[PDB]
Amino acid sequence: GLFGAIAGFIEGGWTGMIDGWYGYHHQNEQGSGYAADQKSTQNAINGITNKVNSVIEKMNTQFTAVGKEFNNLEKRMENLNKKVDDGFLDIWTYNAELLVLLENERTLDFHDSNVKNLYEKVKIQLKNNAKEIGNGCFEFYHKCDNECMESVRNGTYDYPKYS
Amino acid sequence: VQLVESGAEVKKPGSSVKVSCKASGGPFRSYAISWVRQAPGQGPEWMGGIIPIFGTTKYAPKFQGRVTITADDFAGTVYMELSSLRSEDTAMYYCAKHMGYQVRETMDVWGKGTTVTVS
Amino acid sequence: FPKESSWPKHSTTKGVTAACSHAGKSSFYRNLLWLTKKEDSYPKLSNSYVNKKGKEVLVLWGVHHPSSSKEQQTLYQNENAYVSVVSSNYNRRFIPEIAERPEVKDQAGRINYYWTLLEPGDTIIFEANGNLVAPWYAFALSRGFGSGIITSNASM
Amino acid sequence: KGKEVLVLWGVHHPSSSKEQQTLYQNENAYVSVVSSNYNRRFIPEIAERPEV
Ligand SMILES: *[C@@H]1O[C@H](CO)[C@@H](O[C@@H]2O[C@H](CO)[C@@H](O[C@@H]3O[C@H](CO)[C@@H](O)[C@H](O)[C@@H]3O)[C@H](O)[C@H]2NC(C)=O)[C@H](O)[C@H]1NC(C)=O
Ligand SMILES: *[C@@H]1O[C@H](CO)[C@@H](O[C@@H]2O[C@H](CO)[C@@H](O)[C@H](O)[C@H]2NC(C)=O)[C@H](O)[C@H]1NC(C)=O
């Protein structure tokens, strides 16, 4: 991707995280576990449904359209009718295919951007009381219990208290 | 948004029933949808709900083997099917919004109601 | 134009052909009527109709071109004949063309078919000395968008 | 005139032979309009139509 997070420095997905698109996996003395991030997933869902609804709305319903008849001395008008029908069909086929092809790439870049933003948000919080390992992973220097974990996954991690 | 259920139905025991729910706005939604039951003279009862994109469905432990909830997405409709009707599945059925994409305890928009009688 | 009371001086049931065969005997169309001389006489024709149905009316008729002058003599008794069809926005005079043509379905003559639309409150008049196939049934139409004519071999 | 010229005319179809006699005195009449790329002959049709 353009942002280098999905299939980048984080090289795989989690099949054990079932309730969201992006999230955390933690590990301390109490135990382990996954947990989704709700704000990022909610924003992404809003954006994606908006995009799908706009795509649906820009194409209007097609009403009754049946062919005509001509005799042996009206070949020019028959050819003009065929020309018009074929041209409009070709134009709309091109439009639909191009729209889908171009929207798919932007949709795939959106999720990469969201994952990168989440990683940076956590990294600026921990700054000094944690070591960056490389796979999207942080190893604490002090002892981080469940209150510490839940404060990290909230944005209100208190840097001075843990030096 | 506005939620509109289907019409009122009367059946006899041993059969099944299928109610529907239609929401205004764009066909695709970013909130979960739940179904609530209320018998005459008692408090409401949560039956089950559905999630917008992941497609997960949740049911109450009482209504485990009978209820089936489905969606249409492109139409904007949600369907609920209840099987093996007893004489106790005679109540008012409501369709409820949820706010977010998860089936939490906060339903902020309700429909109007639909009576299903069994006899 | 009712069949039983509109044509007292012409023959109403002799106009059958073998190019229109039903159940093995000669026949003809059902919504039209092929008139023919009665005892060596084809008096001049004059008929009119006023649209009082409050809707558009579709009228259809035909003109017959025989193959020889003998055929014309035995069919209509007049050698020089004409047809005049006159409406408030339609107007035409027809004269038969008597010639011999390559046979199609055993026939060396021809018949031409015409149609017109009448507006509410309007009149239509037919006049003829021969060669006219008069209408019998007409249609009062009701318009509506969202229809069409499709060609399909699929089952119903 | 050195330009294109638009010309217009008309042909009258009476209702009876008496009207034709009192208007033009001839029973069998014709009109011929002839140009370099236009050519037509007209003959009256004498019949009775609904009044407008
Ligand atoms: C209605 O449609 C049917 C079916 O097309 C017409 O019947 C067919 O008419 C043609 C034209 O005359 C017949 O072809 C000829 O048949 C004779 C008799 O064998 C043959 O000698 C000729 O060489 C020529 O092939 C055809 O046989 C006849 N039947 C079928 C089954 O095709 C019919 O005439 C139409 N009109 C009416 C009023 O029924
Ligand atoms: C998680 O973060 C939110 C966002 O700041 C915290 O919400 C605040 O909660 C306190 C009470 O604990 C309120 O006085 C503030 O008004 C809240 N802020 C906002 C913006 O609503 C929340 O407390 C945090 N959770 C924990 C467990 O600390």
Side-chain angles (χ1 to χ4, degrees), chain A residues 1-3 5-6 10 13-26 33-57 103-126 136 138 146 149-157, chain B residues 1-3 21-36 46 48-59 69-78 95-111:
Chain A
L2 289 171
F3 299 89
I6 294 194
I10 308 177
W14 290 338
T15 62
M17 204 190 64
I18 49 137
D19 42 341
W21 270 334
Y22 333 110
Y24 314 89
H25 172 58
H26 85 264
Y34 302 87
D37 190 63
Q38 255 92 45
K39 295 188 65 263
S40 305
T41 321
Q42 187 71 67
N43 297 345
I45 288 191
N46 302 6
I48 293 290
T49 67
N50 243 282
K51 176 189 280 218
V52 180
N53 285 342
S54 316
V55 163
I56 280 167
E57 182 208 356
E103 284 318 294
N104 278 349
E105 200 145 51
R106 305 217 92 211
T107 296
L108 290 187
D109 289 330
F110 193 55
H111 295 290
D112 211 343
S113 185
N114 297 341
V115 174
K116 211 214 181 333
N117 297 353
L118 193 61
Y119 180 81
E120 306 293 322
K121 276 197 203 105
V122 178
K123 178 180 82 198
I124 85 188
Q125 280 195 100
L126 299 182
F138 301 93
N146 275 17
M149 296 279 166
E150 256 304 328
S151 96
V152 170
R153 319 201 290 271
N154 191 20
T156 78
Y157 168 81
Chain B
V1 322
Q2 270 111 42
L3 305 163
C21 180
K22 174 98 171 49
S24 66
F28 284 78
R29 60 194 167 71
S30 32
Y31 45 87
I33 285 209
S34 262
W35 282 93
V36 179
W46 184 74
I50 194 172
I51 276 171
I53 271 184
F54 293 76
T56 321
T57 57
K58 300 180 173 38
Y59 312 112
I69 313 211
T70 52
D72 214 325
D73 316 291
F74 272 98
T77 317
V78 183
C95 193
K97 256 198 42 150
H98 256 288
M99 233 180 240
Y101 78 99
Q102 268 176 334
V103 179
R104 286 299 115 172
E105 78 277 304
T106 306
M107 290 150 261
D108 62 349
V109 165
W110 298 65

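Just the heavy atoms: all of them, side chains too, but no hydrogens, waters or symmetry mates, feed the values below. The sequence lines fix the lettering, A, B, ..., with proteins before strands; numbering per chain opens at 1.
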field: With A:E120 via salt bridge (charged side-chain N to carboxylate O under 4.0 Å, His left out) - residues at least two apart
entry: A:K116, A:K123
query: Does some side-chain heavy atom of A:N117 sit less than 4.5 Å from a side-chain heavy atom of A:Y22?
result: no
- prompt: Going by heavy atoms in the side chains, are B:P27 and B:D73 under 4.5 Å from each other?
  reply: no
With sequence neighbours excluded, residues passing side-chain hydrogen bond (donor to acceptor under 3.5 Å, both in side chains) with A:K121: none
statement: Residues passing the ring-ring contact (aromatic ring centres under 6.0 Å, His included) test with A:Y24, sequence neighbours excluded, are none
Exercise: identify the closest heavy-atom pair between A:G16 and A:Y34: O-CD1, 4.0 Å
query: Below 6.0 angstrom between ring centroids: does that apply to A:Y119 and A:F138?
result: yes
query: Is there a side-chain contact between B:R29 and B:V1, using heavy atoms and a 4.5 Å cut-off?
result: no
task: Taking all heavy atoms of B:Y101 and all of B:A32, pick out the closest pair and write down the distance.
output: O-CB, 3.9 Å
statement: The reported gap from CG in A:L108 to CG in A:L2 (rounded to nearest 0.5 angstrom) is 10.5 Å
message: Does any part of the side chain of B:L3, heavy atoms only, come nearer than 4.5 Å to the side chain of B:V109, both counted from C-beta?
response: yes
- prompt: What are the two closest heavy atoms between B:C21 and B:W35, and how far apart are they?
  reply: CB-CZ2, 3.7 Å
task: Measure across B:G26 and A:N53 and return the closest heavy-atom pair with its distance rounded to 0.1 Å.
output: CA-ND2, 3.8 Å
- prompt: Distance from B:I53 atom CD1 to A:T49 atom OG1, nearest 0.5 Å?
  reply: 6.5 Å
message: Check whether B:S30 reaches the backbone of A:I45 with its side chain - one donor and one acceptor, N or O, closer than 3.5 Å.
response: no
message: Measuring only between side-chain heavy atoms, which start at C-beta, is B:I51 closer than 4.5 Å to B:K58?
response: yes
- prompt: Is there a side-chain contact between B:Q102 and A:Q38 (heavy atoms, below 4.5 Å)?
  reply: yes
field: Set of residues satisfying ring-ring contact (aromatic ring centres under 6.0 Å, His included) with respect to B:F28, sequence neighbours excluded
entry: B:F74
- prompt: In terms of heavy-atom contacts, does CD1 of A:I18 have more than 12 from other residues, nucleotides or ligands at under 6.0 Å?
  reply: no
task: State, to 0.1 Å, how close A:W14 and A:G23 come at their nearest heavy-atom pair, and which atoms those are.
output: CZ3-O, 3.8 Å
statement: Output for pair (A:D37 CG, A:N154 CG), nearest 0.5 Å, gives 10.0 Å
query: For A:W21, what residues pass the ring-ring contact (aromatic ring centres under 6.0 Å, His included) criterion, not counting sequence neighbours?
result: A:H111, B:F54
- prompt: Any side-chain heavy atom of A:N114 sitting closer than 4.5 Å to one from A:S40?
  reply: no
query: When rounded to the nearest 0.5 angstrom, what distance separates OG1 in B:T57 from CD1 in B:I33?
result: 14.0 Å
- prompt: How far does CD1 of A:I48 sit from CG of A:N43, to the nearest 0.5 angstrom?
  reply: 12.0 Å
message: Please enumerate all residues that pass salt bridge (charged side-chain N to carboxylate O under 4.0 Å, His left out) together with A:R153, with sequence neighbours excluded.
response: A:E150
message: Once rounded to the nearest 0.5 Å, what's the spacing between atom CD of B:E105 and atom CE of B:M99?
response: 10.0 Å
statement: Residues A:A5 and A:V115: closest non-hydrogen pair is CB-CG1, 4.1 Å
Under 3.5 Å: donor-acceptor pair, side chain of B:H98, backbone of B:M107: no
query: Any side-chain heavy atom of A:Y157 sitting closer than 4.5 Å to one from A:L126?
result: yes
